[PDB]
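Colleague: as a preliminary step, the opening chains of the complex are given here in situ:
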Amino acid sequence: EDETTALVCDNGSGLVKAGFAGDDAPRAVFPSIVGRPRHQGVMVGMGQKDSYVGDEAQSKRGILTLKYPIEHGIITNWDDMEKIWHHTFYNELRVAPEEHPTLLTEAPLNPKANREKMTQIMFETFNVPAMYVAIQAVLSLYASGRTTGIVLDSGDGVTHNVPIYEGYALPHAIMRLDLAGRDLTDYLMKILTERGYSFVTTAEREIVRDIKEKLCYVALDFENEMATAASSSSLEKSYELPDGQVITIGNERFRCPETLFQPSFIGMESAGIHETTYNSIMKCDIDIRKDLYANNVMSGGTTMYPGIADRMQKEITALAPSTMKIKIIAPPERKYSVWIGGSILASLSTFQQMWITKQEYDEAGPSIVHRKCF
Amino acid sequence: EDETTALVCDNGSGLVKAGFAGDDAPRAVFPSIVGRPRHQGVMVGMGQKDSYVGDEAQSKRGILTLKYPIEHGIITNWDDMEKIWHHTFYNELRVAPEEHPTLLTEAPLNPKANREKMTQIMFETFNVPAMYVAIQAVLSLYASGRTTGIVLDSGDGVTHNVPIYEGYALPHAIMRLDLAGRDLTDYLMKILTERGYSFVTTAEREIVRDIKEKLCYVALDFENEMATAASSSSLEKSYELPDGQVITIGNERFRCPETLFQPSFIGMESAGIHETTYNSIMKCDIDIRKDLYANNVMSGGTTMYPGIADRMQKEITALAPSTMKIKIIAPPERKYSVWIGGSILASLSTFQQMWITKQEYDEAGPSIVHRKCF
Amino acid sequence: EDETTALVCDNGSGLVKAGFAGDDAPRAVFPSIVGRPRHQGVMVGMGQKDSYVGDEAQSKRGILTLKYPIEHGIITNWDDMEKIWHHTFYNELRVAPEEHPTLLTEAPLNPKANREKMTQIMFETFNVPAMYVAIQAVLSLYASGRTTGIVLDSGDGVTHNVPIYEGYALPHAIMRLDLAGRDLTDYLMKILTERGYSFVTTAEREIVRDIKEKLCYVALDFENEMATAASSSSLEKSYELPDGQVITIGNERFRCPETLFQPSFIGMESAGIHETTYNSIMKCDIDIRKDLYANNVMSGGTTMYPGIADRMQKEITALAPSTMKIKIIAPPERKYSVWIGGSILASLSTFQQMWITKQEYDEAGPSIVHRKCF
């Protein structure tokens, strides 16, 4: 065949998004979890199966202890990551990696060891002709079809912010902020406890993740919505657990995403996500700032909450000069924007010479990641 | 076609003014800047484009470091000048230089190497039938339509002064003074710092150039205007940055052009521009001085400030004999006076025999510039 | 008593250095930090104490958010500066300012508002008979006992450069460069992240400040030392955190001070500190340059790194004419050179008439700072 296709995988924490390069959507999207039978089984003709990977672990949740292998964009456990990639290629996509070049995404300001060990596994585990590791935020920018913007990337791993102008990139102005979907989940199960609902274990920690994926929203003013929580009507929502227990969540619902704009609630000094965007834009040159204000791109899974775009717009407009208009461009489909940006990149004809070849790795070693790529 | 037209380029520092000879205004006027991508770009399908030239560099300012290739009438970097001329001919005018004789302007008391290397490039880079290098001040005098005057030429490159009488010219009485638009810009960004506004980089150095191109004016008395700066009302002006930041500049505004009349502010001993004009007129013969006092011509871009003509008139009248009347003739349009003087010169029928031919260069070499022309 | 003693305070950013004039060393040196209880306390019989000032804040770091009140030689917050001076006088020195004239240092090319508001506080907060505000670089020159030199002043606030000849001073040749100890700290915590160590908050930002105060050094050639970082042996150093966590820093150590000589690493165009020294010396008159090359004085806290003097010597000797010998005089004790220069100045008998009196302020207002003093 011509061009050989190519393969693209996004592994921020929480979800593997994977598929062929040259398509508009990934074939396989599943949770990045390795769930191990904690309870010793007593039957004959079970499994045994040392561990379960992917949405198999979601189905068989109650037995398992679940371990996310990626925390804060950092792989904690390498064998668990290899198992997840083994699951992507053989269980879903049914590809031999020898037949495809593979793009990986990776997060900004990330330890060198993750990029270098990630390449070491791609060559010396799944034999592969070529690969690339690319920055998450630039891929979302490509997916949005814009040449310029400040990309606010927040996954389940960590929050990142990369300003770009006309292509280029500003290394000093790149900001990484330790907040995530996962930290909002840990805050959320903590704020359910005051209501009497106690979720203590990894299995129902993913149940509050599912709650937060739909019920939670961001206030267009926090204090105003917290004041109208005195007359509870629309702010309460009934939620059904898989147990058949019913949960009723009021003001507790919208103050969980409020943590992004008030990290004093989590107990971290690190500024809210709108001030981090100001911190990135202020580090940029005076000239370009006009379009960075007007071309803010949201990406990732934890920018999905209803009303985030409006809240960021009101806060950035309030802080900034009202001399210029602050447009925020946050697409629906923004969850998959990194994978789509990886699809478009590996489909680019020129990019087919910028691959890290297997040959170039075999001569010059794993350290060449940083030398060739950003 | 008859006469073949001709081409005219003014390159003092800061601006290329270029167009056809035989027209009242140049087609193309743009900043003489070569701006290089300092920040490594990370996308695919950018440019690449090693450098940007002209007002392209003004548009994409924040990425670029900008290098003026001409300093003090001296070309610092030759490849950068060749790139600027390549941009004039192909990007704007769309001419083959083989089809046109080309006039260049050049500044008085200027190193021989600039004239000789300038001719060497015109023949052996853009193949051209003929060329001429001419003095800036005489061209402005032609543009003003006068046969006699003392031409005060101040561009962004350097300040020059050439007395002329009935045509002729006085080599000993020619004065060159190292002050410019650019030195006023460096003074200006230094005097903004006491107000808290700090402009540290080449990109916003051209933002204070734009400020100074409109906000700045010259005091009809410096001390009187500095005294009325105690009651700030009209002397402050709000200025909008491209960032959306607002700048408010009071007495700082008019004391920037004051440097022309007080080079003790810049720290140079070299006399103010009115005493340099006296220094030129005093070196002239006694007989002609009467009309040189009454026929002072201002030219160039840094004589554009409001109230310069009035201040020069008051100071020269104060120093000189009040026995004779000191008229200063400073036209609006004085910015383009050198280019218009080059347009009129190449349109002159007799001048069409005084061209340096390509043939005469090929026989007698680059050194013939000084031998044929002034 | 005779002469009344006098008081001297250096407030560049980062450290208050204070003591009596007429002594060789300051009594009190402490960090210029106002640290506020961010976490609400729950006990009875605490404090309360709205905020902590000085090395009290260093001791109780983890609770506090720390705010430097001076950034880039500019006081951001005035009440916080007043609190710091209240701490110097009452907590350490135990003086009534009514009984002593007070010298303040201040940085070159600094906003007028800092000098004028600084005097306004000294008269109308701590009632004082007299005061002076003086330039940092001239005081270090006095402390070094030399009449001539180019003083490279770099604190935690900003970097400054003042050439002096036989006393005198050159206003046009004074250069201010926005680099500091603090910007090296922000670069350093950014370059630790690639190793996996993530310091996200103000409290451990001062832990990387402590690391950089001893571990960091400047390469006598950057590329050579970065090449020998392939065989890691002496370039790694174990560092102990107050947590009991161990940090191991290799090539990352010496490329943090390298930023002074390569501001492309921070992303600023503004030239390295050796080219800024050339920029200052080139703006000076031709005659004096011979001794300015041979009498470069380093001052401030961020000239303390091992090997800075040797690197500056090699680079300035490489750029300059090797016709003349480039001696750099960088004393140990160079950290306190500004305070010692203030001690010697207020001990000078003639200087006791050049004080800004309280009386002269009461008649002629706060604006008289610039009128009397440099």
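Modeller: It's in. Numbering: from 1, shown residues only, chains lettered A, B, ... in the order given.

Colleague: could you tell me how many residues sit around the residue in the stretch 201-350 of chain A positioned nearest to chain C?
Modeller: Using Cβ to the nearest Cβ, the closest approach of the stretch 201-350 of chain A to chain C is made by residue A:269 at 4.8 Å. Just so you know, the C-beta spots here come from the backbone N, C-alpha and C atoms, and that holds for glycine as well. Number of residues near residue A:269 (other Cβ atoms under 10 Å in any protein chain shown) recorded here: 15.

Colleague: what sits against the closest residue to it other than its chain neighbours?
Modeller: Leaving aside its sequence neighbours, residue A:269 sits nearest to residue C:201 (Cβ to Cβ, 6 or more residues apart in numbering or on different chains; 4.8 Å). By Cβ atoms under 8 Å, 6 or more residues apart in numbering or on different chains, the residues touching residue C:201 are A:268, A:269, A:270.

Colleague: buried ones in the strand or helix carrying residue A:80, by neighbour count?
Modeller: Using DSSP states H and E, residue A:80 maps to helix A:78-86. Across helix A:78-86, burial judged by 16 or more other Cβ atoms under 10 Å in any protein chain shown covers A:80, A:81, A:83, A:84, A:85.

Colleague: same question, stretch A:273-287
Modeller: A:273-278, A:280-281, A:283-287.

Colleague: and the residue of the stretch 1-150 of chain A closest to chain B?
Modeller: residue A:138 (6.2 Å).

Colleague: verify the contact between that residue and residue B:43 for me.
Modeller: Yes - contact status for residue A:138 versus residue B:43: in contact at 6.5 Å, counting by Cβ atoms under 8 Å.

Colleague: these two: which is more packed in?
Modeller: Taking neighbours as other Cβ under 10 Å, residue A:138 and residue B:43 compare with residue A:138 leading, 25 against 18.

Colleague: my reading is that the more buried one lies in a helix. Confirm?
Modeller: Yes - according to DSSP: H, G, I helix; E, B strand; the rest coil, residue A:138 belongs to a helix.

Colleague: confirm residue A:231 sits in a helix?
Modeller: No - assessed with three-state DSSP, residue A:231 is coil; it does not lie in a helix.

Colleague: count the neighbours of it for me.
Modeller: Residue A:231: 8 neighbours (other Cβ under 10 Å).

Colleague: what sits against the residue of the stretch 1-150 of chain A closest to chain B?
Modeller: A:151, A:162, A:164, A:169, A:341, B:42, B:43.

Colleague: swap in residue A:217?
Modeller: When contacts are taken as Cβ under 8 Å, 6+ apart, residue A:217 is in contact with A:253, A:254, A:257, A:305, A:306, A:307.

Colleague: kindly incorporate the sequence below as chain D:
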Amino acid sequence: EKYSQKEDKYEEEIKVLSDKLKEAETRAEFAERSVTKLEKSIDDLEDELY
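Modeller: Okay, chain D now, added to the rest:
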């Protein structure tokens, strides 16, 4: 602990001699490089005087 204190005294002296060695090596390397600059500038003077 008397060993740990000797290990600390040595570690202080190891830092002093490792730093003194890195400084003496910076001096040895400075002298090698200064010698190399003056190997070049001797040869330039040898060739220029020649």
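
Colleague: once more on the contacts of residue A:138, this time with chain D?
Modeller: A:151, A:162, A:164, A:169, A:341, B:42, B:43.

Colleague: and those residues, which of them are in strands?
Modeller: A:151, A:162, A:164 (DSSP state E).

Colleague: out of the contacts of residue A:138, what pair is the most spread apart?
Modeller: A:169 and A:341 (14.3 Å; Cβ to Cβ).

Colleague: neighbour count for the two, which is higher?
Modeller: Neighbours per residue (other Cβ under 10 Å) separate residue A:169 from residue A:341, with residue A:341 holding more: 27 against 21.

Colleague: which one is the more buried one nearest to, not counting chain neighbours?
Modeller: Distances taken as Cβ to Cβ, 6+ apart put residue A:139 closest to residue A:341, at 2.8 Å, once the chain neighbours are dropped.

Colleague: can you count the residues close to that neighbour?
Modeller: Around residue A:139 there are 26 residues (other Cβ under 10 Å).

Colleague: would you check that it makes contact with residue A:348?
Modeller: No - assessed by Cβ under 8 Å, residue A:139 is found out of contact with residue A:348, at 11.8 Å.

Colleague: what's residue A:335 sitting at in phi/psi?
Modeller: Phi and psi for residue A:335, reported as degrees, to the nearest 10, are phi -60, psi -40.

Colleague: re the thing from before, contacts only, for the residue nearest to residue A:341.
Modeller: A:10, A:105, A:337, A:338, A:339, A:340, A:341, A:342, A:345.

Colleague: give me the most central residue, chain D.
Modeller: residue D:25 (2.0 Å; Cα atoms, centre = their mean).

Colleague: do the stretch of helix or strand residue A:190 belongs to and chain C meet?
Modeller: Per DSSP H and E: residue A:190 is located in helix A:181-192. No - using Cβ under 8 Å from any Cβ of the partner chain, we find that helix A:181-192 stays clear of chain C, coming within 12.5 Å at best.

Colleague: give me the buried positions along that helix.
Modeller: Buried residues in helix A:181-192, counted by 16+ other Cβ under 10 Å: A:181, A:182, A:183, A:184, A:185, A:187, A:188, A:189, A:191, A:192.

Colleague: nearest to chain D among those?
Modeller: Nearest to chain D among the buried residues of helix A:181-192: residue A:183, at 39.7 Å, using Cβ to the nearest Cβ.

Colleague: against chain C, how distant is that closest one?
Modeller: Distance check for residue A:183 against chain C: by Cβ to the nearest Cβ, to the nearest Å, it reads 12 Å.

Colleague: one step back: out of the ones in strands among the contacts of residue A:138, who's near chain B?
Modeller: Answer for those near chain B (Cβ under 8 Å from any Cβ): residue A:164.

Colleague: for the closest residue to chain B within chain A, give me its contacts.
Modeller: Closest residue of chain A to chain B, Cβ to the nearest Cβ: residue A:321 (3.2 Å). Residues near residue A:321 by Cβ under 8 Å, 6+ apart: B:243, B:244, B:245, B:246.

Colleague: could you also fit chain E onto it:
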Amino acid sequence: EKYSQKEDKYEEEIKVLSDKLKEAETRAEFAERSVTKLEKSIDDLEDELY
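Modeller: Next up, chain E placed on what we already have:
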């Protein structure tokens, strides 16, 4: 015992660093004599060249 051995390992690091420092300092001071000899020869060659 491991701390006695570390007393020796650290003492050995001091001894090795003392020997390496003596070499780095002796080589630096010798190479500094090569600096001063090359430099003096360069000045003498410049006086001759002049």
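
Colleague: quick one: name whatever helix or strand follows the helix holding residue A:80.
Modeller: Next in sequence after helix A:78-86, counting helices and strands by DSSP H and E, comes strand A:102-106.

Colleague: which helices and strands sit right next to that following strand?
Modeller: strand A:7-10, helix A:112-124, strand A:130-135, helix A:136-143, helix A:337-347 (3 or more Cβ pairs under 8 Å, 6 or more residues apart in numbering or on different chains; DSSP states H and E).

Colleague: now do 10 Å
Modeller: Counting contacts by 3 or more Cβ pairs under 10 Å, 6 or more residues apart in numbering or on different chains; DSSP states H and E, strand A:102-106 packs against strand A:7-10, strand A:15-20, helix A:112-124, strand A:130-135, helix A:136-143, helix A:337-347.

Colleague: is chain B within reach of the first one?
Modeller: No - when contact is scored as Cβ under 10 Å from any Cβ of the partner chain, no part of strand A:7-10 falls within range of chain B; the minimum is 14.2 Å.

Colleague: and that strand, which strands flank it?
Modeller: strand A:15-20 (antiparallel), strand A:102-106 (parallel) (DSSP bridges).

Colleague: okay, those in TSV with mean neighbour count next?
Modeller: Below are these laid out as TSV (neighbours: other Cβ atoms under 10 Å in any protein chain shown):
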stretch	mean neighbour count
strand A:15-20	24
strand A:102-106	23
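
Colleague: in JSON lines: those strands, plus distance to residue C:224.
Modeller: Formatted as JSON lines, the strands paired with strand A:7-10 follow (distance: least, Cβ to Cβ, whole Å):
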{"stretch": "strand A:15-20", "distance to residue C:224": "44"}
{"stretch": "strand A:102-106", "distance to residue C:224": "31"}
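
Colleague: quick one: which of the ones you listed is nearest residue B:333?
Modeller: Going by Cβ to Cβ, the one of the strands paired with strand A:7-10 nearest residue B:333 is strand A:102-106, 58.4 Å.

Colleague: what residues are up against the residue in the stretch 51-200 of chain A positioned nearest to chain C?
Modeller: Closest approach of the stretch 51-200 of chain A to chain C (Cβ to the nearest Cβ) occurs at residue A:172, with a separation of 3.4 Å. By Cβ atoms under 10 Å, 6 or more residues apart in numbering or on different chains, the contact list for residue A:172 reads A:163, A:280, A:283-284, B:39, C:183, C:186-187, C:190, C:263-268.

Colleague: can you check residue A:307 too?
Modeller: Counted by Cβ under 10 Å, 6+ apart, residue A:307 has contacts A:217, A:218, A:219, A:220, A:225, A:254, A:257.

Colleague: let's see it at 7 Å
Modeller: A:217, A:218, A:219, A:220 (Cβ atoms under 7 Å, 6 or more residues apart in numbering or on different chains).
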